[PDB]
Each structure stands twice: as structure tokens, then as C-alpha cells.
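Since the structure comes first, as C-alpha cells, the remarks are kept for the end.
Cβ placement follows ideal geometry from the backbone for every residue including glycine, while neighbour counts extend to all protein chains displayed. Bear in mind these aren't lab numbers, they're just calculated from the coordinates by the rules spelled out.
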Amino acid sequence: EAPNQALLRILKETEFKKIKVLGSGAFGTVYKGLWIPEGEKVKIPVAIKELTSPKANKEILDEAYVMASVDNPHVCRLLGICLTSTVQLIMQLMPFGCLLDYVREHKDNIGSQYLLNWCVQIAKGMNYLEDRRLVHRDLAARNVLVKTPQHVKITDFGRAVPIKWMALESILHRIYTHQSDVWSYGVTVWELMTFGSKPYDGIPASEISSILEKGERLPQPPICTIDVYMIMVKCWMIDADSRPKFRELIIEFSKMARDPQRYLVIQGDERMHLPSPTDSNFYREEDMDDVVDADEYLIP
Ligand SMILES: Cc1nc2cnc(Nc3ccnc(NCC(C)(C)S(C)(=O)=O)n3)cc2n1C(C)C
């Protein structure tokens, strides 16, 4: 159908520097880095991904394809690739890491406004992916990255098996739709509302399918009013068409974000605060002089 005219930027190894390791797992190793292009007088904070088998290079390049094809404020985009012996993905630096660890590490300062705004942002990212006919297949709080506590983006399109985040049709029939992503969105919201609790803790992955067929779902988080929990529950209907659309989720959560204390009950809310550009030394190693974020540099 429509031709994909996305630009794949090839970047020189010499144009960027690795500073430290941010994470190292199955995906390979992710580094904090700086990208100093040609003679543009700019330093772009970046995240460098690297895993030498010919089978592995094919997988890192299929991920680069999807990641270079997206452009949305709530979706992680590929900045470029470096054609070294291994092959490196140059991505935007999300200084605060993944949302799962962020809600766990900062629960005592996470208020209703932040939780509800993150829900809007994730729904907006997902609705963009829907408009682009792209089905995520791995939406979880671990795959939502934090640029600033007030700005989150969806990542990991290396699937565009996590049973405990999957819709019933995905588990039993391997059916993946935008509606099956809505189920995963529901679990992601549950993870946030519980400040990073593990869904179905203790229960093995094979029992999940049987549990779901019975009618059993994730419990109501203590901070959740029936209004927020009803939305999570609607994301887990057997009939996929009965589940909300991401555009409905944008609207529903944003109505709630206008009067957040009416929808989430948190002890200490109002006296809670998270880092923001208002903070003295919010952006803080050596040279922080001509530094600019990827969202402001070049622009597609
Ligand atoms: C601790 C940490 N700090 C980060 C700063 N910036 C990014 N940048 C980006 C940008 C886009 N995608 C990704 N993906 C990283 C990933 C490990 C979640 S994955 C599975 O998608 O490769 N990272 C990733 C970061 N991390 C990872 C390892 C969770």
C-alpha cells in the first residue's frame, strides 16, 4: 500500500562517545553517550544499543526499520545506525529510565496528576501506532521510558512471550490486534496504579490462560476509584470489540487528569514533587555547554 519514505541516517563511529553502561540483558548492552555531529556545535545526549553472528545482525536491523518509521512525541524514534563490525542503534537518551523502575523507586512522590498524565501519554503513543497500522505486541511498564517525569514515550518494537500482559486471543490463538494491545495497556495501567507490582505474583504462566477463562482478573489497586478500575476491567473483556479504543482512553484519562484527586486517592498527594526543569541543577559531568535534546535537533 503506502510507500515508507522514512530516512535511515548512517552515523560515523567517530561522531559519538560511549560514557557508561545503562543496562545489559538479552537485548545486548545499552550505553549512555554523546553525539557531536560534523561541525554543528551541538552535543546530543544519546542511548547506544549493541549486542557477531549474521542471524543477530538481521534482528537488530529489522528493529531499526520499525523504529526509524515512527515519529510521535510519545513514541521512541531511531536517530540513526552506525555500521561497525557488530552494528549499533543510536537512540534518544531517556535519562530517568523505564517507568516500571521509576514508579518503584519514587512511589513516595508519585501523585495522582503524574499517574493520570502518564496514562494519557501512553494512550496517545498507542493511538499513533494504531493510526500507523502498527501493532506493538509487547506493551508493559518496562517498555515505557521516561524522558522527564512529565514526559514518557513507548519503546521496544522488536515484536511489532509475555503471557501475563497478553490478551486471551493472543494466548490461545496467537491473534494480535490493536484491541489485544488495549489489554496490555490495561495491565500497564495496573502496574502504574500499584507502583510497580508484578501482575499475578507467584502464579505460573501456564495457569494464566485457565484463570482468565474462569473470569478472574487483576485486583483493584488501593489508590483506584471504581472509575479508574472500571477502565482497567473494560480493557480485559473476552470480546475485543467491547474493549475501549485508544482514542477513548485518551479522552477518559484526560477528563480524569483535570480533577486527579477525584479519581486516585493517594495519602500525601499535593505535598508530593518529582524533578522538573524548575529545579536548580535539573539537567545534572564535564561539558554541558552546547547540549541539546534530540527532540529539538534537526527535526523530521
Ligand atoms: C536504564 C536506561 N536508561 C536509559 C536511557 N535511555 C534509553 N534510551 C532508549 C531509547 C529508545 N529505546 C530504548 N530501549 C531500551 C530497552 C532496553 C528498553 S529495549 C528492550 O527497547 O532495547 N532505549 C534507555 C535507557 N535505559 C534502558 C536500558 C532501560
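Ordered by packing density, taken as the mean number of other Cβ atoms within 10 Å over each peptide's residues, highest first, how do 287-298, 173-184 rank?
Working: 287-298: 11.9, 173-184: 18.9.
For the peptides 287-298, 173-184, the packing ranking is 173-184, 287-298.
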ask   = For the residue pair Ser280 and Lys214, what label-to-label distance in nm results when each label sits 7 Å from Cα along the Cα-to-beta-carbon direction?
value = 5.7 nm
ask   = Using a basic spin-label model with each label point 7 Å from the Cα along Cα→Cβ, how many nm lie between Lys55 and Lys255?
value = 5.1 nm
Sorted peptide list for 117-127, 94-104, 34-44, 200-210, criterion being average Cβ within 10 angstrom, highest first = 117-127, 94-104, 34-44, 200-210
message = Can you say what percent of the DSSP beta bridges in the chain, counting only those with both residues inside, are antiparallel? Round to 5.
response = 90 percent
query = Out of residues 5 or more away from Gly23 or on other chains, whose amide H comes under 5 Å of its own, with H placed 1.01 Å from N in the peptide plane?
reply = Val30
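Assuming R0 = 25 Å, what is the FRET efficiency of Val161 and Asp239, from their Cβ-Cβ distance, to the nearest 0.05?
On the way: r = 23 Å, r/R0 = 0.91.
For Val161 and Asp239, the calculated efficiency is 0.65.
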task = Over the chain, consider all pairs of different Cα atoms and compute the Kirkwood hydrodynamic radius from their mean reciprocal separation; express it in Å, one decimal.
result = 20.5 Å
message = Let me check the size of the range 1-93 from its C-alpha atoms; what are the radius of gyration and Dmax in Å?
response = 13.5, 42
